[PDB]
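Chain by chain, the residues:
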Amino acid sequence: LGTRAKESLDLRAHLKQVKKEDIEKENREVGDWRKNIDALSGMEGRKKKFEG
Amino acid sequence: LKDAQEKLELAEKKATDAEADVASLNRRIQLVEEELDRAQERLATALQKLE
């Protein structure tokens, strides 16, 4: 009984390792970028050129 | 005539000054309205995120 139980335990151990430890390879992607504001400072242009 | 001359010149200068002022102020009001609307869209984005 112990042998059969430990067989399944060891079999699932490696699967759990691969599933979980490999998550630590990267988890910062949740972090978003700046997305800064202007605060009425980027108003320094007239209606001179618009195509470029 | 000279009196009319000075009157005409002064009225013309005043008119051009008022026109320039109101035009630049119109540009300013455009810019501030853009500020308001774009900020409102940010508000909508934030509302959706929080909900």
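Per the PDB record, the structure was determined using cryo-EM to 5.2 Å resolution.

Here we take up the overall build of chain B. For chain B, the count of helices and strands is one helix and zero strands. Compactness check: chain B gives a C-alpha radius of gyration of 22 Å against a globular reference of 10 Å for 51 residues, more than 25% above the reference. Across its three principal directions, the C-alpha atoms of chain B cover 75 × 10 × 5 Å. Counting every position in chain B, which comprises 51 residues, the buried fraction comes to 0%. Surface exposure of chain B reaches about 4600 Å², of which carbon and sulfur atoms provide 63%.

What follows covers the overall build of chain A. If you tally the helices and strands in chain A, you get one helix and zero strands. In terms of overall dimensions, chain A has C-alpha extents of about 85 × 25 × 15 Å along its principal axes. The buried share of chain A, reckoned over its 52 residues, is 0%. Side-chain charges of chain A comprise 14 positive and 11 negative groups, with the mean position of each set lying 5 Å from the other.

All names here are of chain B. Here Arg42 shows up in helix 1 (residues 2–50). Owing to a relative accessible area of 43%, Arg42 belongs among the partly exposed residues under this scheme. A polar side-chain atom of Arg42 sits 3.2 Å from a polar atom in the side chain of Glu41.

On to a positive patch on the surface, then. Together, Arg46, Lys47, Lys48 and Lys49 of chain A together with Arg27 of chain B line one region of the surface with positive charge. Within the secondary structure, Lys47 of chain A sits in the segment after helix 1 (2–21). Exposure remark for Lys47 of chain A: the relative accessible area of 58% places this residue in the exposed category.

Residues and elements named next belong to chain B. Counting across every chain of the model gives three salt bridges over all chains. Across the pair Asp17 and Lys13 runs a salt bridge whose closest N-O atoms are separated by 3.1 Å. Of the two residues, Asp17 and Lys13 both sit in helix 1, four residues apart, roughly one turn of that helix. On the accessibility criterion, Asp17 (32% relative accessible area) is partly exposed. Residue classification places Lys13 among the exposed positions, given a relative accessible area of 51%. For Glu34, the salt bridge identified is with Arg38, shortest N-O distance 3.7 Å. Here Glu34 and its partner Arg38 are both found in helix 1, four residues apart, which amounts to about one turn of the helix. Residue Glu34 is classed as partly exposed on the basis of its relative accessible area, which comes to 31%. Classification of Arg38 by relative accessible area gives partly exposed; the value is 33%.

Thresholds applied
- Residues numbered from 1 in each chain as written, not as in the entry; some residues may be left out.
- Chains lettered and ligands numbered in written order.
- Part of a larger assembly, values for the part shown.
- Heavy atoms only, no water.
- Helix = DSSP H or I, 4+ residues; strand = E, 2+ residues; numbered from the N terminus.
- Rg over C-alpha atoms; globule rule 2.2 N^0.38 Å.
- Buried < 20%, exposed > 50% of the residue type's maximum accessible area, 1.4 Å probe, protein only.
- Areas by Shrake-Rupley, 256 points an atom, 1.4 Å probe, with all protein chains shown as cover.
- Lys, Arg positive; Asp, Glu negative; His and termini not counted.
- Charge placed at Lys NZ, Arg CZ, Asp CG, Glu CD.
- Polar contact = N/O pair within 3.5 Å; in protein donor to acceptor, adjacent residues only side chain to side chain.
- Patch = residues over 30% accessible without salt bridge, like charges linked within 9 Å, V, L, I, M, F, W, Y side chains within 5 Å.
- Salt bridge = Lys/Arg side-chain N within 4 Å of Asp/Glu carboxyl O.

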